[PDB]
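**Student:** Here it is: the structure, laid out below.
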């Protein structure tokens, strides 16, 4: 099978800068008709891939002029000039010359931007959750950069490790920030045995933690 | 326009077979090949095979030789893929896409999420995420829906039927004892809520449900 090797695996880029994505085929992929069926696709988070470039260097309809593809033989390049916030996602090359058709190993374009501190919200469980026998306390950290963040939970001043799970958004299409939920799930019985619940978020944007807290009055 | 409606989410038992469909519109169905592509969670794309509807000619990636069977139906302009002897390794998103001339996958369906598991379908519970009674917000307030206890993937969330999309953050699901949960949050100006309606629309295709929930203060 034709191996389609892409580098880099991940590509951090400032807005307005140029990104170059390389694709190396394990053999030539000129088809018996003289055409090279080499395509580039972009897949944005939770979406189907979308075609960008075909036959090496041809822009698909609607693709902006700042996407260009070039190469020959076993060496192909996608360039994106003047990168914009919505260019993020995974780029794949693809060869449709030799069966089986194969795609590249994929390059995640990521946006670099200035640091941004999280806005933290804490959400007590809804009384609507109580007959499930569970109670989720959610700490939400909105619009921060970079992605790495620490979240600490406290219950009546004592720190807690069990029952905590964390989920992230993809990088925002518009401001290029991340958000994340930290969810402490307890039994309804544990929840009701305690009074204050605190989440503290620590991020490189400040030496001070952002502490959000409530009491079931 | 060229569109593909794909079945969405399917749950199947280890060792079973499952069929999925891709209804094509927006072009002469017998003029173009229909291809299928596999994508495992966090992984790349793998081409499976194609069928020409006009002659029923099929070509396969030999890796899927006894795994996939591609069929098609002219009159209903629908392409089909059957997957047999299912294992957890078959859990993936399956895209159909047509191929054009000079170029391939100009248009792709949205993908069917297939989960292979012995566990049964569970629609999500949905809970409001709203500030504590004494919370003092500045110029914005963040509200949400906690979607809990569902199986299999995916769930999607829209806000006001899709009309609130600015400041929506839907985080990735987490799995716990066989069930998934996620939160979807929106940030609005503090002057707009509770005075204006904020609604989350929680879709869970494996159970064929949309849950519409009006979000209100505690």
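**Student:** Kindly provide the set of residues from segment A:205-217 that are surrounded by 12 or more Cβ atoms within 10 Å (Cβ to Cβ), assigned to a strand (DSSP E or B) and away from chain B (no Cβ under 13 Å), ordered by number.
**Tutor:** Those that are surrounded by 12 or more Cβ atoms within 10 Å (Cβ to Cβ), assigned to a strand (DSSP E or B) and away from chain B (no Cβ under 13 Å): A:206, A:209, A:210, A:211.
**Student:** Have a look at A:202, A:185 and point out the one that is at the interface with chain B (Cβ under 9 Å from one of its Cβ atoms), in a strand (DSSP E or B), in contact with a strand residue (DSSP E or B) (Cβ under 6 Å, 6 or more places away or on another chain) and over 22 Å from residue B:168 (Cβ atoms). Even if it seems obvious, please write down each step before you answer.
**Tutor:** Values: A:202 fails: at the interface with chain B (Cβ under 9 Å from one of its Cβ atoms).
Being at the interface with chain B (Cβ under 9 Å from one of its Cβ atoms), in a strand (DSSP E or B), in contact with a strand residue (DSSP E or B) (Cβ under 6 Å, 6 or more places away or on another chain) and over 22 Å from residue B:168 (Cβ atoms) holds for just one of A:202, A:185, which is A:185.
**Student:** Filter the strands (runs of 3 or more DSSP E) completely within segment A:1-43 down to those with at least 1 residues that are more than 17 Å from the chain's Cα centre (by Cα) and surrounded by 19 or more Cβ atoms within 10 Å (Cβ to Cβ).
**Tutor:** A:4-7, A:19-25, A:38-43
**Student:** From B:74, B:67, grab the single residue that is touching a helix residue (DSSP H, G or I) at 6+ places or on another chain (Cβ under 8 Å), free of Cβ contacts under 8 Å to residues at least 40 places away in the same chain and either surrounded by 21 or more Cβ atoms within 10 Å (Cβ to Cβ) or more than 10 Å from chain A (Cβ to nearest Cβ) (or both).
**Tutor:** B:67
**Student:** For segment B:139-190, which residues satisfy the criterion of being facing chain A (nearest Cβ under 9 Å) and more than 26 Å from residue A:186 (Cα to Cα)?
**Tutor:** Once the filter is applied, which keeps residues that are facing chain A (nearest Cβ under 9 Å) and more than 26 Å from residue A:186 (Cα to Cα), segment B:139-190 yields B:140, B:166, B:167, B:187.
**Student:** So which of A:99, A:83 ends up being without any contact (Cβ under 8 Å) to a residue 12 or more places away in the chain, surrounded by 15 or more Cβ atoms within 10 Å (Cβ to Cβ) and assigned by CATH to the domain that holds residue A:58?
**Tutor:** Residue meeting the stated conditions: A:99.
**Student:** With more than 9 Å from chain B (Cβ to nearest Cβ), touching a strand residue (DSSP E or B) at 6+ places or on another chain (Cβ under 6 Å) and under 17 Å from residue A:110 (Cβ atoms) as the only criterion, which of A:15, A:38, A:52, A:42 stands out?
**Tutor:** Result: A:42 is the single residue among A:15, A:38, A:52, A:42 that is more than 9 Å from chain B (Cβ to nearest Cβ), touching a strand residue (DSSP E or B) at 6+ places or on another chain (Cβ under 6 Å) and under 17 Å from residue A:110 (Cβ atoms).
**Student:** Among the listed residues B:37, B:126, which satisfies the condition of being part of a strand (DSSP E or B), touching a residue at least 60 places away in the same chain (Cβ under 8 Å) and under 18 Å from the mean Cα position of the chain (by Cα)?
**Tutor:** Answer to the check: B:37.
**Student:** I'd like the full set of residues that are assigned to a strand (DSSP E or B) and facing another protein chain (nearest Cβ under 8 Å), limited to segment A:91-102.
**Tutor:** A:92, A:94, A:102
Note: ideal-geometry Cβ built from the backbone for every residue, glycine included; neighbour counts use all protein chains shown. The values are calculated or read from the model by the stated rules, or taken from the named source; no laboratory read-out is quoted.
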